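Asker: Structure: final.cif, mmCIF, C-alpha atoms.
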data_work
#
loop_
_atom_site.group_PDB
_atom_site.id
_atom_site.type_symbol
_atom_site.label_atom_id
_atom_site.label_comp_id
_atom_site.auth_asym_id
_atom_site.auth_seq_id
_atom_site.Cartn_x
_atom_site.Cartn_y
_atom_site.Cartn_z
ATOM 1 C CA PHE J 1 13.122 -0.856 13.287
ATOM 2 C CA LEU J 2 10.768 0.521 10.627
ATOM 3 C CA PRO J 3 10.006 -2.163 7.991
ATOM 4 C CA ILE J 4 8.424 0.233 5.477
ATOM 5 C CA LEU J 5 9.007 -1.831 2.277
ATOM 6 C CA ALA J 6 7.579 -4.997 3.896
ATOM 7 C CA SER J 7 4.621 -2.970 5.261
ATOM 8 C CA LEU J 8 3.969 -1.460 1.794
ATOM 9 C CA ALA J 9 4.059 -4.901 0.113
ATOM 10 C CA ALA J 10 2.178 -6.951 2.736
ATOM 11 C CA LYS J 11 -0.377 -4.401 4.042
ATOM 12 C CA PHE J 12 -0.714 -1.629 1.410
ATOM 13 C CA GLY J 13 -1.000 -3.944 -1.697
ATOM 14 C CA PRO J 14 -4.785 -3.640 -2.416
ATOM 15 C CA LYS J 15 -4.769 -0.124 -0.877
ATOM 16 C CA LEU J 16 -2.182 0.904 -3.526
ATOM 17 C CA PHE J 17 -4.444 -0.525 -6.264
ATOM 18 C CA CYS J 18 -7.410 1.413 -4.795
ATOM 19 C CA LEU J 19 -5.502 4.740 -4.561
ATOM 20 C CA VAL J 20 -4.045 4.433 -8.112
ATOM 21 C CA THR J 21 -7.465 3.679 -9.754
ATOM 22 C CA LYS J 22 -9.260 6.172 -7.417
ATOM 23 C CA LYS J 23 -12.140 3.724 -7.304
ATOM 24 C CA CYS J 24 -10.799 0.240 -6.389
#
Let me see the structure of the file written as structure tokens.
Answerer:
Amino acid sequence: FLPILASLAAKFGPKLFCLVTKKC
């Protein structure tokens, strides 16, 4: 019902890079 891993990979990918670097 909640496809969290797929959502993280296919929608949070560049967002994850931006939040880790703090600066994109």
Asker: Rounded to one decimal place, report the atom CA of residue J:22-atom CA of residue J:3 distance in Å.
Answerer: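 Atom CA of residue J:3 lies 26.0 Å from atom CA of residue J:22.
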Asker: Work out how far atom CA of residue J:24 is from atom CA of residue J:2, in Å to one decimal.
Answerer: 27.5 Å
Asker: What separation in Å, quoted to one decimal, exists between atom CA of residue J:14 and atom CA of residue J:1?
Answerer: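 Calculated distance between atom CA of residue J:14 and atom CA of residue J:1 is 24.0 Å.
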Asker: I need chain J written out with C-alpha atoms, as a PDB file, in the first residue's frame; please produce it.
Answerer:
ATOM      1  CA  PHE J   1       0.000   0.000   0.000  1.00  0.00           C
ATOM      2  CA  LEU J   2       2.872   2.335   0.901  1.00  0.00           C
ATOM      3  CA  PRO J   3       5.740   1.970  -1.623  1.00  0.00           C
ATOM      4  CA  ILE J   4       8.302   3.889   0.455  1.00  0.00           C
ATOM      5  CA  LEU J   5      11.508   2.365  -1.043  1.00  0.00           C
ATOM      6  CA  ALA J   6      10.287   2.974  -4.624  1.00  0.00           C
ATOM      7  CA  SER J   7       9.224   6.532  -3.660  1.00  0.00           C
ATOM      8  CA  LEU J   8      12.653   7.200  -2.072  1.00  0.00           C
ATOM      9  CA  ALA J   9      14.504   5.912  -5.169  1.00  0.00           C
ATOM     10  CA  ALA J  10      12.288   7.394  -7.910  1.00  0.00           C
ATOM     11  CA  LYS J  11      11.197  10.716  -6.327  1.00  0.00           C
ATOM     12  CA  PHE J  12      13.683  11.551  -3.525  1.00  0.00           C
ATOM     13  CA  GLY J  13      16.930  10.789  -5.518  1.00  0.00           C
ATOM     14  CA  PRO J  14      18.141  14.388  -6.234  1.00  0.00           C
ATOM     15  CA  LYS J  15      16.411  15.581  -3.021  1.00  0.00           C
ATOM     16  CA  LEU J  16      18.616  13.127  -1.053  1.00  0.00           C
ATOM     17  CA  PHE J  17      21.717  14.542  -2.795  1.00  0.00           C
ATOM     18  CA  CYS J  18      20.556  18.093  -1.929  1.00  0.00           C
ATOM     19  CA  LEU J  19      19.869  17.286   1.764  1.00  0.00           C
ATOM     20  CA  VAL J  20      23.199  15.408   2.225  1.00  0.00           C
ATOM     21  CA  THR J  21      25.335  18.245   0.692  1.00  0.00           C
ATOM     22  CA  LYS J  22      23.123  20.948   2.338  1.00  0.00           C
ATOM     23  CA  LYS J  23      23.549  22.975  -0.826  1.00  0.00           C
ATOM     24  CA  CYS J  24      22.665  20.783  -3.857  1.00  0.00           C
TER      25      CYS J  24
END
